[PDB]
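> Got a structure for you, written out below as C-alpha cells; questions coming shortly.
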Amino acid sequence: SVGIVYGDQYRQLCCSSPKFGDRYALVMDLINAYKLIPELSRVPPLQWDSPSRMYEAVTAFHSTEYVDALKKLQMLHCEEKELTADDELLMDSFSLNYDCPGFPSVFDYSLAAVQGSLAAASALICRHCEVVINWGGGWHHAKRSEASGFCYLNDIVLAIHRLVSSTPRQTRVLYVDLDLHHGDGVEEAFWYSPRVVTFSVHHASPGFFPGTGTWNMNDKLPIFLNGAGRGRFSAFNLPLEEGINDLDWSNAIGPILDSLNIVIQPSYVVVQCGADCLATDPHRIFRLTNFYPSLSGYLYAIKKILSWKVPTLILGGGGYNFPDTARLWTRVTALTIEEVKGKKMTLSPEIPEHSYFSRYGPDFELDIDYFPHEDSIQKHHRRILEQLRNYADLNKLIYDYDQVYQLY
Ligand SMILES: [Cl-]
Ligand SMILES: [K+]
Ligand SMILES: [K+]
Ligand SMILES: [Zn+2]
C-alpha cells in the first residue's frame with residue numbers, strides 16, 4: 001500500500017503561502033490526471049484534541065516562545081495590526097523576517113506540513129502503509145527557535161522523532177535529503193543522536209545558502225564535521241559542484257545509499273525529495289531531469305531506496321519551477337506505486353487534460369525540456385567510507401566491511 005496526504009483544508013493551506021503559491025495544487029491535480037489517485041491510499045492530515053495537545057506535539061522539537069511568536073505573527077498579519085518596535089525585535093530574534101516573512105496564514109501553513117508528516121509517520125508505524133508520500137512537506141531548514149529558507153516548522157524533525165519513539169530491537173532511522181540545499185535543520189536536530197543517521201547530498205560554494213554541510217573554518221587546516229557526542233559520525237554530507245547531471249549524481253550517491261543501508265539497516269527511511277536540482281529550476285545549479293526509460297537521478301535514488309523494502313516516508317521540499325516540480329513528483333509517485341504494489345503504471349508523454357493544463361505549455365509534455373550533456377567525488381567517497389567505518393565501530397556494529405568497499 002502507498003499512502004499520500006491530501007485534503008481540502010490541507011490543499012487550501014499548502015497553497016496559501018506567498019513563495020510556493022499553488023505548487024501543491026499542480027502537483028496533486030497532475031497525479032490525479034494520470035489516474036494514480038485510485039491506486040493510492042489517502043492518509044489524512046493529523047488533528048489534535050486540544051490546543052495543549054497541539055503545542056506538546058510541536059514543542060517536541062521547537063521551543064514554546066518560537067511557536068508563540070509564530071502564532072502571534074499570523075495574528076498580526078491577519079488584522080491590519082501594525083508591528084510595534086517591540087514586535088519587530090521579537091520577530092527578528094526568531095529570524096521571521098527577510099527570507100521568512102509572515103503572512104495571514106503563516107502559522108496555519110507551517111502547521112499543515114507538521115500534520116501531514118506526523119500523520120504519514122503514524123501511518124507507517126501501524127503498518128497501514130508500506131510507503132507514505134507528502135508533497136506538502138519536507139521543510140528541513142526550520143530549527144528549534146528560528147526560521148530559515150521559508151521553513152517555519154520543521155515537519156521532518158517531528159516525523160522522525162515520532163518514528164524513533166516507537167517500538168520496533170532498537171528503532172533506527174536513515175534520513176536522506178536529496179534537496180539542492182543542505183539539510184541543516186534535520187542534521188542538527190539529531191546531531192547528538194546515533195539512532196537517526198542524516199545524509200544530505202547538496203550543492204555548496206562560497207556564499208551559497210545555507211552554507212553548511214562541507215568543510216568549515218582555527219586549528220590550522222579545516223575539518224569536516226559529522227555529528228557529536230554519542231551521535232558522532234552520524235551525519236553524512238556530499239557537497240557537489242555546480243552543473244552535475246543525472247549520471248554523475250547517481251554514481252555519486254548510489255554507493256553511499258547502499259553502504260548506509262547495509263551498515264545501518266534502518267527501521268524507517270525518510271526521503272526529502274526537493275525538486276530544485278532539476279536542470280530547469282531558476283537556481284540553475286544542477287542538471288537533473290525526470291527522465292525514465294539515461295534515467296533520472298531522483299528516480300534512480302528513489303528506486304534504490306524502495307528496493308530496501310523498509311517502510312519509507314517520501315516528502316517534497318524545495319522546487320521553484322512549479323509545472324516541472326509537478327512533472328518530477330508525478331513520476332516519483334508512479335515509480336513508488338510500480339515499486340511497492342507491483343503495478344506498472346504507464347504515463348502518456350502528453351500531459352493529460354485537466355485544470356492546470358495550460359501551465360504545462362507550450363509543449364505540454366511530461367519530460368522537462370532539457371537535453372543532457374557532459375575527481376573530487378572519489379575523495380568524498382573515501383572520506384565517507386572512513387566515516388561510515390568510524391560510525392559502525394563506535395556503535396558496535398558488524399558488517400561485511402568488504403562488500404561495502406566493493407560497492408565503489
Ligand atoms: Cl512508471
Ligand atoms: K540536500
Ligand atoms: K545525526
Ligand atoms: Zn532546496
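Ligands are numbered from 1 in the order shown, residues from 1 within each chain, and chains are lettered A, B, ... in the order they appear in the C-alpha cells.
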Would you please extract all alpha helix (DSSP H) residues from stretch 103-334 of chain A, as assigned by DSSP on the backbone, and give them as a count of residues only?
78
> Give as a list in words the residues surrounding ligand 1 up to a distance of 6 Å, considering only C-alpha atoms and all ligand atoms.
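Counting only C-alpha atoms and all ligand atoms, the residues within 6 Å of ligand 1 come out as residues 334, 335, 344, 345 and 346 of chain A.
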> Around ligand 2, out to 6 Å and counting only C-alpha atoms and all ligand atoms, which residues are there? I want them as a list in words.
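After applying the 6 Å limit, what remains is residues 177, 178, 179, 180, 181, 182, 183, 200, 201 and 202 of chain A.
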> Kindly compile the residues surrounding ligand 4 within 10 Å, counting only C-alpha atoms and all ligand atoms, and format them as a PyMOL selection string.
chain A and resi 138-141+149+177-183+202-203+209-210+272-277+283+317-320
> Kindly work out which residues sit at most 12 Å from ligand 3, using only C-alpha atoms and all ligand atoms, and give the list as a PyMOL selection string.
chain A and resi 157+160-161+172-176+183-200+225-237+391
> Can you pull out every residue from stretch 114-256 of chain A that DSSP, working from the backbone, puts in strand (DSSP E), and format the result as a list in words?
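Residues meeting the strand (DSSP E) criterion: residues 131, 132, 133, 134, 173, 174, 175, 176, 177, 196, 197, 198, 199, 200, 201, 202, 203, 235, 236, 237, 238, 239 and 240 of chain A.
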> Here is a test: counting only C-alpha atoms, which residue of A:222, A:45, A:293, A:116 is nearest to residue A:158?
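Of all the options, A:116 lies closest to residue A:158.
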> Would you please work out which residue, of A:118, A:359, A:148, A:125, is nearest to residue A:98 when using only C-alpha atoms?
A:148
> Would you mind telling me which residue in A:137, A:207, A:21, A:101 lies nearest to residue A:270 when using only C-alpha atoms?
A:137
> Which residues are near residue A:393? Cut-off 12 Å, only C-alpha atoms, ignore same chain within fewer than 4 positions. Put them as a short mmCIF file (atom, residue, chain, number, x, y, z; two decimals) with N, CA and C atoms, in the first residue's frame.

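And here's selection_18.cif as it stands now:
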data_model
loop_
_atom_site.label_atom_id
_atom_site.label_comp_id
_atom_site.auth_asym_id
_atom_site.auth_seq_id
_atom_site.Cartn_x
_atom_site.Cartn_y
_atom_site.Cartn_z
N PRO A 194 22.86 8.81 17.80
CA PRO A 194 23.32 7.79 16.86
C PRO A 194 22.19 6.96 16.25
N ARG A 232 28.31 11.05 17.23
CA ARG A 232 29.44 11.30 16.35
C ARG A 232 29.43 10.33 15.17
N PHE A 233 29.78 10.84 14.00
CA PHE A 233 29.84 10.08 12.75
C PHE A 233 28.46 9.76 12.19
N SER A 234 27.40 10.37 12.73
CA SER A 234 26.04 10.02 12.32
C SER A 234 25.50 10.91 11.21
N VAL A 263 25.09 -0.98 6.42
CA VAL A 263 25.69 -0.84 7.75
C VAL A 263 24.64 -0.52 8.81
N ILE A 264 23.61 0.24 8.46
CA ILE A 264 22.64 0.70 9.46
C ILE A 264 21.44 -0.24 9.56
N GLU A 386 35.39 5.96 5.31
CA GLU A 386 36.06 6.01 6.61
C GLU A 386 35.09 6.42 7.71
N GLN A 387 34.40 7.55 7.51
CA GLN A 387 33.38 7.97 8.47
C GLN A 387 32.41 6.83 8.77
N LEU A 388 31.90 6.18 7.72
CA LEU A 388 30.97 5.07 7.92
C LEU A 388 31.62 3.96 8.73
N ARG A 389 32.91 3.68 8.48
CA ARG A 389 33.63 2.74 9.32
C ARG A 389 33.70 3.24 10.76
N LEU A 397 28.81 -2.02 15.63
CA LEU A 397 28.06 -2.57 14.50
C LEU A 397 28.96 -3.49 13.69
N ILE A 398 28.39 -4.60 13.23
CA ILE A 398 29.10 -5.59 12.44
C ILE A 398 28.58 -5.55 11.02
N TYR A 399 29.50 -5.58 10.06
CA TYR A 399 29.12 -5.58 8.65
C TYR A 399 30.25 -6.21 7.85
N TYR A 401 32.21 -5.15 5.57
CA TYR A 401 33.43 -4.33 5.54
C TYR A 401 34.12 -4.49 4.19
#
